[PDB]
Amino acid sequence: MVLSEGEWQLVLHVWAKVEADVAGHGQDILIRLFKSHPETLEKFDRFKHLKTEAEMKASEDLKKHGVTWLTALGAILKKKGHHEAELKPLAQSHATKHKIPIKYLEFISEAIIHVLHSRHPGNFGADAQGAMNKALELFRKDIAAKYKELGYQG
Ligand code: HEM
């Protein structure tokens, strides 16, 4: 699949707002994921112990990882589809080291959409949400292809 320049513009416009507070968005999204799909938390031996949302919000380590993963996604989105280089190491670690199923990538995609819709309604109308979904679908499609080449079901 291929996004038009207009669709990329909608994605990068709302992303520019996200970048005003990388740590906040990074954390909010992970917490949303963990609350909606508790099984995903079990994949993080580093955060598995956290029992409540309050404990998650107070975790300095969770906030730091929020910055790490969200910045990596931003780097990929800014490539506007030319992300082969960025995808390689990410696919290898998540398939071979962390063992993250494609299903969980769909779960975090839903969490991203939920948080952007809550925090940026003015810049995340139907057309903008559609473009972001398309961008995340492209990412998941390419990641799935890499998983297969690397020997992981997904
Ligand atoms: C938008 C998709 C995602 C991006 C861009 C992303 C990015 C990253 C990055 C950059 C790292 C650190 C370097 C590395 O190990 O590769 C990381 C680590 C990790 N990711 Fe992801 N990730 C994504 C989705 C997920 C999902 C959905 C899960 C699990 C539900 C997951 C679980 C992990 C785990 C367990 C680590 C190790 C954390 C630690 O112990 O330090 N990731 N991810």
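For reference, positions follow the sequence shown, starting with 1.
Ion pairing between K63 and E60 fails under the 4.0 Å rule for side-chain N and carboxylate O. For the pair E110 and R32, the salt-bridge criterion is not met [side-chain N within less than 4.0 Å of a carboxylate O]. Salt bridge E42/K48: absent, no basic N to carboxylate O contact under 4.0 Å. With salt bridges taken as basic N to acidic carboxylate O contacts below 4.0 Å, none links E137 and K134.
Note that the CG atom of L41 and the CE atom of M56 stand 5.5 Å from one another [nearest 0.5 Å]. For the atom pair NE2 of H114 and OG of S36, the computed distance is 7.0 Å after rounding to the nearest 0.5 Å. Taking OG of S59 as the start and NE2 of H65 as the end, the distance is 11.0 Å to the nearest 0.5 Å. Between the OG1 atom in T40 and the CG atom in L33 there is a gap of 3.5 Å [rounded to 0.5 Å]. Residue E53 holds its CD atom at 3.5 Å from NZ of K35, rounded to the nearest 0.5 Å. Taking OG from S109 and CD1 from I29, the interatomic distance works out to 10.5 Å, rounded to the nearest 0.5 Å.
Across every non-hydrogen atom of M132 and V14, the tightest pair is CE-CG1, 3.8 Å. Here the closest non-hydrogen pair linking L138 and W8 is CD2-CZ2, 4.2 Å. Nearest approach of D142 to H83, heavy atoms of both residues: OD2-NE2, 2.7 Å. Listed here is the closest heavy atom pair of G74 and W15: CA-NE1, 3.5 Å. Here the closest heavy-atom approach between residue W69 and residue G26 is recorded as NE1-O, 3.4 Å. Taking both residues in full, the closest heavy atoms of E86 and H82 are given as OE1-O, 3.8 Å, listed atom of the first, atom of the second, then distance.
With respect to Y104, the side chain to side chain contact (heavy atoms under 4.5 Å, CB included) criterion is satisfied by exactly one of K43, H98, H94, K99: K43.
Counting only heavy atoms from C-beta outward, the side chains of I102 and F107 never approach each other to under 4.5 Å. The side-chain heavy atoms of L70 and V18, taken from C-beta on, include a pair separated by under 4.5 Å. Counting heavy atoms from C-beta outward, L30 and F47 have side chains that stay 4.5 Å or more apart. The shortest side-chain heavy-atom distance between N123 and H13 falls under the 4.5 Å cut-off. In this structure, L87 and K79 have side chains that are not in contact, with every pair of non-hydrogen atoms separated by 4.5 Å or more. Looking at heavy atoms from C-beta onward, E7 lies out of side-chain contact with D127 at the 4.5 angstrom threshold. Within the 4.5 Å cutoff, the side chain of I112 has heavy atoms near those of the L73 side chain. The shortest side-chain heavy-atom distance between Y147 and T96 does not fall under the 4.5 Å cut-off.
A donor atom on one side chain and an acceptor atom on the other are not found under 3.5 Å apart for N133 and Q129.
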* Please test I113 against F124 for side chain to side chain contact (heavy atoms under 4.5 Å, CB included), starting from the C-alpha separation and ending with a verdict. => CA-CA 9 Å; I113 289 173; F124 208 63; 4.1 Å; yes
* In sequence, state the C-alpha distance, the side-chain angles, and the governing distance for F34 and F44, and then conclude on ring-ring contact (aromatic ring centres under 6.0 Å, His included). => CA-CA 10 Å; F34 298 152; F44 293 86; 5.4 Å; yes
* **Check against side chain to side chain contact (heavy atoms under 4.5 Å, CB included), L136 and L105** => CA-CA 9 Å; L136 293 176; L105 296 178; over 6 Å; no
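Of the possible polar contacts, one joining the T71 side chain to the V67 backbone as a donor-acceptor pair under 3.5 Å is found. Side chain of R46 to backbone of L62: no donor-acceptor contact under 3.5 angstrom is found.
At most 12 heavy atoms of other shown residues, nucleotides or ligands fall within 6.0 angstrom of atom NZ in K88. Around atom NZ of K148, no more than 12 heavy atoms belonging to other residues, nucleotides or ligands sit under 6.0 Å away. Atom CD of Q153 sits in a sparse spot, with 12 or fewer heavy atoms from other residues, nucleotides or ligands closer than 6.0 Å. More than 12 heavy atoms of other residues, nucleotides or ligands sit less than 6.0 Å from atom CD of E5. Residue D21 places its CG atom among more than 12 non-hydrogen atoms of other residues, nucleotides or ligands, all under 6.0 Å distant. The local environment of NE2 in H117 is sparse, with at most 12 non-hydrogen atoms from other residues, nucleotides or ligands closer than 6.0 Å.
Between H25 and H120, a ring centre-to-centre spacing shorter than 6.0 Å is recorded.
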